[PDB]
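What follows is one structure encoded as structure tokens, with my remarks underneath.
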Amino acid sequence: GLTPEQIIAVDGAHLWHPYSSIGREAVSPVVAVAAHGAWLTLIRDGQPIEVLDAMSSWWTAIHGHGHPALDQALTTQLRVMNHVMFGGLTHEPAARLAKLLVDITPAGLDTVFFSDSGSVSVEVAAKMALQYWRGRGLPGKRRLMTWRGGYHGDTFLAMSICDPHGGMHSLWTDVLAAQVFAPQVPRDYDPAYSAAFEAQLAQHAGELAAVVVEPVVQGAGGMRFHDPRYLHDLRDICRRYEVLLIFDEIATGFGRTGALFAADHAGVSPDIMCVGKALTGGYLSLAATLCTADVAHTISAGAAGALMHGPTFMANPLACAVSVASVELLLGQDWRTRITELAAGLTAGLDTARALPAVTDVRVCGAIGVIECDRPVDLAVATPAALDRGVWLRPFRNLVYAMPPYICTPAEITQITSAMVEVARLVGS
Amino acid sequence: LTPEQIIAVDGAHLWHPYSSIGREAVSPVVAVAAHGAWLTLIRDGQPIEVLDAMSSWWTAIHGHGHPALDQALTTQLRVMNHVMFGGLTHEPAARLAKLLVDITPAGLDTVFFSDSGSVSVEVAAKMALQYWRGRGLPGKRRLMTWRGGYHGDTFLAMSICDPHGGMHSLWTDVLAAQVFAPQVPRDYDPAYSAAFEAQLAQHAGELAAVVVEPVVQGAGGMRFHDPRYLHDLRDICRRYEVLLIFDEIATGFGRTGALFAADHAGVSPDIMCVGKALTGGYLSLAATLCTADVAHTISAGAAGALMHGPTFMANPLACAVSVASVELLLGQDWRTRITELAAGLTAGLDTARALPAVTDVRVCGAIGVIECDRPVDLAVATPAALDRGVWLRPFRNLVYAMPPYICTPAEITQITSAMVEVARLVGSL
Ligand SMILES: CC(=O)c1ccc(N2CCN(C(=O)c3cccc(Cl)c3)CC2)cc1
Ligand SMILES: CC(=O)c1ccc(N2CCN(C(=O)c3cccc(Cl)c3)CC2)cc1
Ligand SMILES: *Cc1c(COP(=O)(O)O)cnc(C)c1O
Ligand SMILES: *Cc1c(COP(=O)(O)O)cnc(C)c1O
């Protein structure tokens, strides 16, 4: 048992946080003591206050926290089987989830490799791509290509295809794999960009295993959106130049961009796809990498005879059980209407920010809203500003943004957008 | 789904650890329940109760559905499933961090939570690299280990796995080129440590860290080595200013007869990884600990922070069950328990030394290994053990167990008897 003060004292001495220091944090983290539906209970001035999780706790909480159907799914599974090793055993949760995932992802993705995080699923995707070409007698095809502005995780291979600036590649001189970067993909569709991407890919085609991109929305590398037609072009380019296409849908999956998967906006299927953040409805760490029958059969028929990967908690029954419930909950409702309403709410709520002096862009895509500013956002100023307004927001660089739970009512979206608009006002002020 | 429908879905759609799709020599066995030391598996359409001799890949130290652990999960679920760790902290994370800092080897003062062992290893390497970069020595970026090791399946993790066991031949030109000392022997030999030092001396200026599994090497061959080697590594690392990293992902939490395997030598590494048994085998969770000096040096460097932050970092649910698992272990006489277990394994496995296909029998804490003279055929071994009411999964030439700590003396003897019978069959053909 620990009080918030004790929690803070332990935390300051002993706990790392994402991309943080020990003993040099500008501001202490805020003690969270509960989470229910769209709301977090945080400690502020020693007292508990309920605030909207505008971030969906980093894209995860699509149905909100403590959804009764999802709580129930976990507890039912807990009474039967917590976990068994996936080496030599299988189980209902894994089979149920894999069937669901193959049915709902872009056509052709027939096999599912479960892992415990997005970064791992990305490494699995790369491993599938590299083993695929090795299975085709082309080990030279081992490099990856992407466009700038991307994020794919924090493990060392994932780092190599992250945006070179966002990813601080200059601090990793001589340690990361050297990958092929195309220029930042633009928002608006310009076939000249695709022509140039193709020309650059063409000269590297013989050394490229895959193009890896986030489809439609680039998250941690800058919350940038691009025309879905670029993905149609990528599919065509990759098809014609024999380079696998990998869509990283770890942030975009399960309805977030207004399609069940962002690939659906372009009506294209990748050869390999990663999913993760929202997969369990934000209960537990779980990710999946899917690939076509062709990819799976080629890997399986190659010299190695198997995909050389196998996490300890692969296909954990508890995480899989809650994921099944989470996906069924999404599919059993009119999610498409729900996201359209959310997008409309975000658009309407963020429209006034356009007029603000420090604001360069306002953009919405499905249940994602972004205010881009002309200068870095002071976090020591912004965080308490949104908290004071009943909203948990986490800006970074020049961006103030939200990816709210799908269960957010119109009143809650208004509340979120208001806080965002106000943080932007203080940036200019 | 019926067991048959599960098998059908599984065969078409599910990857398993280090497996193929469509080319599996045996179907996985359907698991329908797990309670205590026992799994309920479907065999010829009928449910059967068998002992989980593998602890579900080292995870289930307290057995499955332990009331204390089930309870810890459901009571955390009631309050907070998960919140983002960026800007927020919480009681489960603080309680676990406090516990971990106070039971791990002295000087390990900070804790980075992640979702899997492979990730925690990548975090450890990142800590070491950023440490040296913080000291103005970015040339110190390679890792050194001994052969026979396993550290996970992500690309950096792979680079320090045994090159043979990890099939580095398949990964030519993709993996970082690390420094490998020869396999560490079982018995203490001063010449081995002298040679290790001599090799390290040649690379000292380009080495960030030595990374080893202390005392027991797991997936690389279930080999044990004299703890005195760890005292040598510590001294070598100190004199040549190379960080020492212990991977205790398999060895942690009493498994080798000490609380952590480093304790067998009284040695403190600069950085430490834990994972498999961390949650008592309920959920995926791992941790990377480092000293105050490492933490401060990273935090004072150009990045001003450790450049890593998993989505489900410090998941409340996983942390809560981990707190309960660790407390459950510490609140009993675990040392006597493991000693009794080891004695049971030793007594039970002794008769195997006389079998024709057996080259070695070795026990270290709650780990029993029959080393055979040929690779073990799973198609024979699996059903043979199930026939005897035990779930065993041999690998390579090893018939081994790492049973739950809650196994009674009779259950241990039932496990060792099945192990003996499998070993007898291996040489029986
Ligand atoms: C779990 C959580 O709350 C969290 C918060 C921030 C996190 N970050 C900070 C912003 N990020 C980056 O600035 C970033 C880090 C590396 C590469 C790229 Cl392209 C971007 C991504 C990781 C990750 C997790
Ligand atoms: C979760 C589970 O049941 C499981 C079973 C076997 C697993 N492996 C991984 C390590 N194995 C290796 O052979 C291995 C794989 C890479 C490097 C090294 Cl040193 C060893 C055996 C199969 C992993 C997970
Ligand atoms: C967060 C993220 C990842 C990495 O996921 P983790 O679970 O944090 O390892 C990979 N790809 C994308 C697009 C992401 O947004
Ligand atoms: C299993 C293991 C790992 C990898 O853990 P995952 O959770 O499977 O990624 C790393 N190191 C050691 C010593 C292990 O036994």
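Note on naming: letters A, B, ... go to the chains in the order of the sequence lines (proteins, then strands), and numbering restarts at 1 for each one. Note that ligands are numbered from 1 as they come in the structure, with each ligand's atoms numbered from 1 the same way.
Counting only distance, with no hydrogens or angles, the side chain of B:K126 and the backbone of B:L306 share no donor-acceptor pair below 3.5 Å. No donor-acceptor pair under 3.5 Å is formed between the side chain of B:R255 and the backbone N or O of B:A250.
One option in B:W57, B:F395, B:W58, B:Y18 has a heavy atom closer to atom 16 (C) of ligand 2 than any other, and that option is B:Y18. Proximity annotation for atom 6 (P) of ligand 4: of B:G117, B:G218, B:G220, B:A286, B:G117 comes nearest, heavy atoms only.
In this structure, the protein non-hydrogen atom closest to atom 24 (C) of ligand 2 is A:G310 O, 3.4 Å. Protein heavy atom in closest approach to atom 14 (C) of ligand 2: B:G165 O, 3.9 Å.
Close approach to B:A219 involves these atoms of ligand 2, each under 4.0 Å from a residue heavy atom: 10 (C), 20 (C). Every atom of ligand 2 is numbered from 1 in the order shown, and the set under 4.0 Å from a heavy atom of B:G220 is 19 (Cl). Remark: ligand 3 atoms within the under-4.0 Å shell around heavy atoms of A:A251 are 15 (O). Taking every non-hydrogen atom of B:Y150 and a distance limit under 4.0 Å, the qualifying atoms of ligand 4 come out as 1 (C), 2 (C), 3 (C), 11 (N), 12 (C), 13 (C), 14 (C). Heavy-atom contacts of B:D247 reach the following atoms of ligand 4: 10 (C), 11 (N), 12 (C), 13 (C) (cutoff under 4.0 Å). Counting the atoms of ligand 2 from 1 in the order shown, those under 4.0 Å from a heavy atom of A:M85 are 3 (O). Atoms of ligand 3 lying under 4.0 Å from at least one heavy atom of A:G153, given by number and element, are 4 (C), 10 (C). Residue contact check: A:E214 has heavy atoms under 4.0 Å from atoms 13 (C) of ligand 3.
Shown here, atom 20 (C) of ligand 2 is in close reach of the protein: a heavy atom of it lies under 4.0 Å off.
Contact annotation: for B:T311 versus ligand 3, heavy atoms closer than 4.0 Å belong to both the backbone and the side chain. With a 4.0 Å cut-off on non-hydrogen atoms, A:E249 does not touch ligand 3 at all. When heavy-atom distances to ligand 2 are checked against a 4.0 Å cut-off, A:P311 comes that close only through its backbone atoms N, CA, C and O. Residue-level proximity to ligand 2 for A:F86 is carried by the backbone, the only part with a heavy atom below 4.0 angstrom.
Taking the six-membered ring where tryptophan is involved, the planes of B:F85 and A:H17 are essentially parallel, since the angle between them stays under 30° and well short of 60°.
If you check the side chains of B:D10 and A:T90, you find a donor sitting under 3.5 Å from an acceptor. Looking at B:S20 and B:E24, their side chains do bring a donor and an acceptor atom within 3.5 Å of each other.
The N/O atoms of B:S118, backbone and side chain alike, include one that comes under 3.5 Å of an N/O atom in ligand 4. An N or O contact shorter than 3.5 Å links A:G87 to ligand 2 by distance.
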Apply side-chain hydrogen bond (donor to acceptor under 3.5 Å, both in side chains) to the pair B:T256 and B:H264, showing each step before the final yes or no. CA-CA 9 Å; B:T256 72; B:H264 286 300; 2.9 Å; yes
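Ligand 4 has A:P311 within reach: a non-hydrogen atom of the residue lies less than 4.0 Å from it.
Scanning both residues, A:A304 and A:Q131, for their nearest heavy atoms gives CB-NE2, 3.7 Å.
Aromatic ring centres of A:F114 and A:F313: separated by at least 6.0 Å.
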